[PDB]
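model.txt, holding compact mmCIF, N, CA and C atoms and all ligand atoms:
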# COMPACT_ATOMS: atom_id res chain seq x y z
N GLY V 1 125.02 88.37 107.14
CA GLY V 1 123.56 88.47 106.95
C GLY V 1 123.14 89.90 106.62
N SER V 2 122.06 90.06 105.85
CA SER V 2 121.52 91.36 105.40
C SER V 2 120.52 92.01 106.37
N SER V 3 120.10 91.30 107.42
CA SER V 3 119.17 91.78 108.46
C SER V 3 119.78 92.82 109.41
N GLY V 4 118.92 93.63 110.04
CA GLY V 4 119.31 94.68 111.00
C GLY V 4 119.74 94.15 112.38
N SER V 5 120.28 95.04 113.21
CA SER V 5 120.77 94.75 114.56
C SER V 5 119.66 94.36 115.55
N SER V 6 120.02 93.60 116.59
CA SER V 6 119.11 93.13 117.65
C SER V 6 118.53 94.28 118.50
N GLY V 7 117.35 94.05 119.09
CA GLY V 7 116.67 94.99 120.00
C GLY V 7 115.18 94.72 120.22
N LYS V 8 114.51 94.09 119.24
CA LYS V 8 113.09 93.65 119.27
C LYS V 8 112.10 94.75 119.73
N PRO V 9 112.02 95.89 119.01
CA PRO V 9 111.17 97.03 119.37
C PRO V 9 109.67 96.75 119.39
N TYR V 10 109.18 95.86 118.53
CA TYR V 10 107.75 95.56 118.39
C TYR V 10 107.31 94.57 119.47
N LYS V 11 106.63 95.08 120.50
CA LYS V 11 106.30 94.36 121.75
C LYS V 11 104.79 94.18 121.94
N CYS V 12 104.40 93.06 122.56
CA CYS V 12 103.01 92.70 122.80
C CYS V 12 102.42 93.51 123.98
N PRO V 13 101.19 94.04 123.86
CA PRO V 13 100.49 94.71 124.95
C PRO V 13 99.89 93.72 125.96
N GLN V 14 99.88 92.42 125.65
CA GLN V 14 99.21 91.38 126.46
C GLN V 14 100.18 90.40 127.13
N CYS V 15 101.37 90.16 126.56
CA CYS V 15 102.38 89.27 127.14
C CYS V 15 103.83 89.76 126.93
N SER V 16 104.81 88.97 127.40
CA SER V 16 106.25 89.28 127.35
C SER V 16 106.87 89.20 125.94
N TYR V 17 106.08 88.89 124.91
CA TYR V 17 106.53 88.75 123.52
C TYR V 17 107.12 90.03 122.92
N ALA V 18 108.15 89.86 122.09
CA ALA V 18 108.77 90.91 121.29
C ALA V 18 109.34 90.37 119.96
N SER V 19 109.40 91.22 118.93
CA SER V 19 110.04 90.93 117.64
C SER V 19 110.66 92.19 117.00
N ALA V 20 111.50 91.99 115.98
CA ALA V 20 112.12 93.06 115.19
C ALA V 20 111.29 93.52 113.97
N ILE V 21 110.11 92.93 113.76
CA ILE V 21 109.26 93.12 112.57
C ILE V 21 107.81 93.39 112.99
N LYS V 22 107.16 94.40 112.38
CA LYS V 22 105.76 94.76 112.65
C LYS V 22 104.77 93.65 112.30
N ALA V 23 104.98 92.97 111.17
CA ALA V 23 104.18 91.82 110.74
C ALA V 23 104.22 90.65 111.74
N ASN V 24 105.35 90.42 112.42
CA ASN V 24 105.47 89.40 113.47
C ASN V 24 104.65 89.78 114.72
N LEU V 25 104.61 91.06 115.10
CA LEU V 25 103.70 91.51 116.16
C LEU V 25 102.23 91.38 115.73
N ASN V 26 101.86 91.78 114.51
CA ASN V 26 100.49 91.60 114.00
C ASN V 26 100.04 90.14 114.08
N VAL V 27 100.89 89.21 113.62
CA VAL V 27 100.56 87.78 113.55
C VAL V 27 100.43 87.16 114.93
N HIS V 28 101.24 87.63 115.86
CA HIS V 28 101.24 87.20 117.25
C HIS V 28 99.94 87.58 117.99
N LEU V 29 99.42 88.79 117.75
CA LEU V 29 98.20 89.30 118.38
C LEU V 29 96.96 88.47 118.03
N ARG V 30 96.96 87.77 116.88
CA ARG V 30 95.88 86.86 116.43
C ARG V 30 95.58 85.71 117.40
N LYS V 31 96.50 85.41 118.31
CA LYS V 31 96.34 84.42 119.39
C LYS V 31 95.57 84.98 120.60
N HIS V 32 95.67 86.29 120.81
CA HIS V 32 95.01 87.03 121.89
C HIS V 32 93.59 87.54 121.54
N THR V 33 93.18 87.51 120.26
CA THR V 33 91.86 87.97 119.80
C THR V 33 90.70 87.04 120.18
N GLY V 34 89.47 87.57 120.11
CA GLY V 34 88.24 86.80 120.30
C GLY V 34 87.91 85.83 119.15
N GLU V 35 86.76 85.16 119.25
CA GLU V 35 86.29 84.20 118.24
C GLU V 35 85.81 84.87 116.95
N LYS V 36 86.26 84.32 115.81
CA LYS V 36 85.79 84.70 114.48
C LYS V 36 84.54 83.92 114.09
N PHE V 37 83.45 84.66 113.96
CA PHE V 37 82.19 84.21 113.38
C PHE V 37 82.15 84.63 111.90
N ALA V 38 82.06 83.66 110.99
CA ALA V 38 81.99 83.89 109.54
C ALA V 38 80.55 83.99 109.01
N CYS V 39 80.35 84.79 107.96
CA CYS V 39 79.10 84.84 107.21
C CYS V 39 78.83 83.53 106.46
N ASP V 40 77.56 83.14 106.42
CA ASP V 40 77.08 81.97 105.67
C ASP V 40 76.88 82.28 104.17
N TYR V 41 77.03 83.55 103.77
CA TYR V 41 76.69 84.05 102.44
C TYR V 41 77.87 84.71 101.70
N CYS V 42 78.84 85.26 102.43
CA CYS V 42 80.10 85.78 101.87
C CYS V 42 81.34 85.43 102.73
N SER V 43 82.51 85.90 102.29
CA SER V 43 83.80 85.74 102.98
C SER V 43 83.96 86.62 104.24
N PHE V 44 82.91 87.36 104.65
CA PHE V 44 82.94 88.22 105.83
C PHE V 44 83.20 87.45 107.12
N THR V 45 83.90 88.10 108.05
CA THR V 45 84.11 87.63 109.42
C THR V 45 84.02 88.77 110.44
N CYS V 46 83.62 88.41 111.66
CA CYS V 46 83.42 89.35 112.77
C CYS V 46 83.85 88.75 114.12
N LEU V 47 84.28 89.61 115.05
CA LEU V 47 84.54 89.26 116.45
C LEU V 47 83.29 89.37 117.35
N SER V 48 82.16 89.84 116.79
CA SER V 48 80.88 90.03 117.47
C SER V 48 79.73 89.42 116.66
N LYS V 49 79.16 88.34 117.20
CA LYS V 49 78.06 87.58 116.59
C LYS V 49 76.78 88.40 116.36
N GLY V 50 76.51 89.38 117.21
CA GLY V 50 75.39 90.31 117.03
C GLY V 50 75.55 91.25 115.83
N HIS V 51 76.78 91.68 115.52
CA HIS V 51 77.08 92.44 114.31
C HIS V 51 77.03 91.56 113.05
N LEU V 52 77.46 90.29 113.15
CA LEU V 52 77.29 89.29 112.09
C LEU V 52 75.81 89.03 111.77
N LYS V 53 74.93 88.98 112.77
CA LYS V 53 73.47 88.92 112.56
C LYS V 53 72.98 90.13 111.77
N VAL V 54 73.36 91.35 112.16
CA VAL V 54 72.99 92.58 111.43
C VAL V 54 73.52 92.57 110.00
N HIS V 55 74.74 92.09 109.78
CA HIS V 55 75.33 91.94 108.45
C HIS V 55 74.47 91.05 107.54
N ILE V 56 74.00 89.90 108.03
CA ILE V 56 73.13 89.01 107.25
C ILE V 56 71.73 89.63 107.07
N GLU V 57 71.16 90.22 108.12
CA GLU V 57 69.82 90.85 108.11
C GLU V 57 69.71 92.06 107.17
N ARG V 58 70.85 92.68 106.83
CA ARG V 58 70.92 93.84 105.92
C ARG V 58 71.47 93.51 104.53
N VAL V 59 72.51 92.68 104.44
CA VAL V 59 73.19 92.40 103.16
C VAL V 59 72.56 91.19 102.44
N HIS V 60 72.25 90.12 103.18
CA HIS V 60 71.85 88.82 102.63
C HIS V 60 70.39 88.41 102.93
N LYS V 61 69.58 89.37 103.36
CA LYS V 61 68.13 89.24 103.58
C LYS V 61 67.38 89.47 102.26
N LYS V 62 66.42 88.59 101.93
CA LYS V 62 65.74 88.52 100.62
C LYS V 62 66.73 88.47 99.44
N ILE V 63 67.74 87.61 99.58
CA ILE V 63 68.82 87.40 98.60
C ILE V 63 68.36 86.53 97.42
N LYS V 64 68.77 86.90 96.20
CA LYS V 64 68.54 86.09 94.99
C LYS V 64 69.35 84.79 95.02
N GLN V 65 68.74 83.69 94.58
CA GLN V 65 69.31 82.34 94.56
C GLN V 65 68.93 81.59 93.28
N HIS V 66 69.59 80.48 92.98
CA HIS V 66 69.19 79.55 91.92
C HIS V 66 69.21 78.08 92.38
N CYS V 67 68.30 77.27 91.82
CA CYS V 67 68.17 75.84 92.08
C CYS V 67 69.35 75.03 91.51
N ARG V 68 69.87 74.10 92.31
CA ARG V 68 70.98 73.20 91.92
C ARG V 68 70.52 71.98 91.10
N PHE V 69 69.22 71.84 90.84
CA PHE V 69 68.64 70.74 90.06
C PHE V 69 68.02 71.18 88.72
N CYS V 70 67.40 72.38 88.66
CA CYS V 70 66.72 72.91 87.47
C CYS V 70 67.12 74.35 87.05
N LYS V 71 68.07 74.96 87.77
CA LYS V 71 68.60 76.33 87.54
C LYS V 71 67.56 77.46 87.56
N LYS V 72 66.35 77.19 88.07
CA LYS V 72 65.30 78.19 88.31
C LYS V 72 65.75 79.23 89.34
N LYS V 73 65.46 80.51 89.10
CA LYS V 73 65.79 81.62 90.02
C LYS V 73 64.73 81.79 91.11
N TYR V 74 65.18 82.13 92.32
CA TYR V 74 64.38 82.28 93.53
C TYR V 74 64.69 83.59 94.28
N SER V 75 63.65 84.19 94.87
CA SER V 75 63.67 85.50 95.55
C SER V 75 64.20 85.47 96.99
N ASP V 76 64.26 84.28 97.59
CA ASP V 76 64.80 84.00 98.92
C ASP V 76 65.32 82.56 98.94
N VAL V 77 66.40 82.28 99.68
CA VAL V 77 66.84 80.89 99.92
C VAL V 77 65.74 80.07 100.58
N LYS V 78 64.94 80.63 101.50
CA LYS V 78 63.83 79.92 102.16
C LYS V 78 62.74 79.48 101.18
N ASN V 79 62.51 80.24 100.11
CA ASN V 79 61.58 79.88 99.04
C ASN V 79 62.14 78.76 98.15
N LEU V 80 63.46 78.76 97.91
CA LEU V 80 64.16 77.70 97.19
C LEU V 80 64.07 76.34 97.90
N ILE V 81 64.16 76.31 99.24
CA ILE V 81 64.06 75.06 100.01
C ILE V 81 62.69 74.40 99.80
N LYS V 82 61.61 75.18 99.88
CA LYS V 82 60.24 74.69 99.66
C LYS V 82 60.07 74.10 98.25
N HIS V 83 60.65 74.73 97.23
CA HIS V 83 60.72 74.19 95.86
C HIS V 83 61.49 72.87 95.79
N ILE V 84 62.65 72.75 96.43
CA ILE V 84 63.43 71.50 96.47
C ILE V 84 62.64 70.39 97.18
N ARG V 85 61.99 70.70 98.30
CA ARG V 85 61.11 69.78 99.05
C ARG V 85 59.87 69.31 98.27
N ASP V 86 59.42 70.07 97.27
CA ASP V 86 58.25 69.76 96.44
C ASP V 86 58.61 69.07 95.11
N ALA V 87 59.63 69.56 94.40
CA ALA V 87 59.98 69.15 93.03
C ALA V 87 61.20 68.21 92.95
N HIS V 88 62.11 68.27 93.94
CA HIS V 88 63.39 67.55 93.95
C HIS V 88 63.61 66.76 95.26
N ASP V 89 62.53 66.30 95.89
CA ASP V 89 62.52 65.74 97.25
C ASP V 89 63.46 64.52 97.45
N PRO V 90 64.05 64.36 98.65
CA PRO V 90 65.08 63.34 98.94
C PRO V 90 64.54 61.93 99.24
N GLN V 91 63.23 61.71 99.09
CA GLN V 91 62.51 60.47 99.41
C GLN V 91 62.70 60.01 100.88
N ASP V 92 62.80 60.97 101.81
CA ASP V 92 63.03 60.79 103.26
C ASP V 92 62.20 61.75 104.13
ZN ZN V 101 101.30 88.40 123.27
ZN ZN V 102 77.99 88.29 104.27
ZN ZN V 103 64.53 73.17 90.97
What would you get if you wrote out this structure as structure tokens?
Ligand SMILES: [Zn+2]
Ligand SMILES: [Zn+2]
Ligand SMILES: [Zn+2]
Amino acid sequence: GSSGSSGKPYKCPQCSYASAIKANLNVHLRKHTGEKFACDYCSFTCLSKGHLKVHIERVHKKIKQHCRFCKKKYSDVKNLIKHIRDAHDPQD
């Protein structure tokens, strides 16, 4: 085999786990982490829901949007909903 000798230097700070590879320690620590809260507007993720609120309140507040029925542009997603409820209503 082309692999190196035994010893498992890369060790977990939280449990008895060890490996010979840094990527195996990185992947293992993902079990010990907190909850991932994802953004509703981008691929962003956070371990703190209060920082995720600030991310949306700064990055995705008064965000440009378009209608899925008439392709009209809108200045806020909340303004687009009122347009869909008036012009494209679900009969419910
Ligand atoms: Zn561990
Ligand atoms: Zn985002
Ligand atoms: Zn529309």
request  = Please give me, as a list in words, the residues lying within 7 Å of ligand ZN 102 (chain V) when counting only C-alpha atoms and all ligand atoms.
outcome  = residues 39, 40, 41, 42, 43, 44, 55, 56, 59 and 60 of chain V
request  = Could you give me the residues within 6.5 Å of ligand ZN 103 (chain V), counting all atoms listed in the file, as a count of residues only?
outcome  = 10
task = Would you mind listing the residues within 7 Å of ligand ZN 101 (chain V), counting only N, CA and C atoms and all ligand atoms, as a ChimeraX atom specification?
result = /V:11-17,28-29,32
message = To test your reading of the structure, identify every residue in range 5-86 of chain V that backbone DSSP assigns to helix (DSSP H, G or I), and report it as a PyMOL selection string.
response = chain V and resi 22-29+49-59+77-86
message = Rounded to one decimal, what separation in Å do you get between atom N of residue 75 in chain V and atom N of residue 91 in chain V?
response =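 Those two atoms sit 22.9 Å apart.
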request  = May I ask for the distance between atom C of residue 45 in chain V and CA of residue 81 in chain V, given in Å to one decimal place?
outcome  = 26.4 Å
task = Provide the CA of residue 52 in chain V to atom C of residue 78 in chain V distance in Å, to one decimal place.
result =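 For CA of residue 52 in chain V relative to atom C of residue 78 in chain V, the distance reads 20.7 Å.
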inquiry  = According to DSSP computed on the backbone, where in range 6-38 of chain V is there strand (DSSP E)? Give the residues as a VMD selection string.
reply    = chain V and resid 10 to 11 18 to 19 37 to 38
Go ahead and write the residues just picked, N, CA and C atoms, as a PDB file, in the frame of the given file.
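What follows is the written file selection.pdb:
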ATOM      1  N   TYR V  10     109.180  95.860 118.530  1.00  0.00           N
ATOM      2  CA  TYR V  10     107.750  95.560 118.390  1.00  0.00           C
ATOM      3  C   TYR V  10     107.310  94.570 119.470  1.00  0.00           C
ATOM      4  N   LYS V  11     106.630  95.080 120.500  1.00  0.00           N
ATOM      5  CA  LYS V  11     106.300  94.360 121.750  1.00  0.00           C
ATOM      6  C   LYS V  11     104.790  94.180 121.940  1.00  0.00           C
ATOM      7  N   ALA V  18     108.150  89.860 122.090  1.00  0.00           N
ATOM      8  CA  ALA V  18     108.770  90.910 121.290  1.00  0.00           C
ATOM      9  C   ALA V  18     109.340  90.370 119.960  1.00  0.00           C
ATOM     10  N   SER V  19     109.400  91.220 118.930  1.00  0.00           N
ATOM     11  CA  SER V  19     110.040  90.930 117.640  1.00  0.00           C
ATOM     12  C   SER V  19     110.660  92.190 117.000  1.00  0.00           C
ATOM     13  N   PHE V  37      83.450  84.660 113.960  1.00  0.00           N
ATOM     14  CA  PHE V  37      82.190  84.210 113.380  1.00  0.00           C
ATOM     15  C   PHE V  37      82.150  84.630 111.900  1.00  0.00           C
ATOM     16  N   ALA V  38      82.060  83.660 110.990  1.00  0.00           N
ATOM     17  CA  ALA V  38      81.990  83.890 109.540  1.00  0.00           C
ATOM     18  C   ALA V  38      80.550  83.990 109.010  1.00  0.00           C
TER      19      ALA V  38
END
query = Around (67.4, 87.2, 95.3) in the file's own coordinates, what residues are found within 6 Å if you use only N, CA and C atoms, given back as a PyMOL selection string?
reply = chain V and resi 62-65+74-76
With 4 Å of padding per side, what axis-aligned box (centre and edge lengths, Å, one decimal) covers all the listed atoms of range 28-33 of chain V? Give it as AutoDock Vina command-line options.
--center_x 96.0 --center_y 86.9 --center_z 118.9 --size_x 18.5 --size_y 12.9 --size_z 14.0
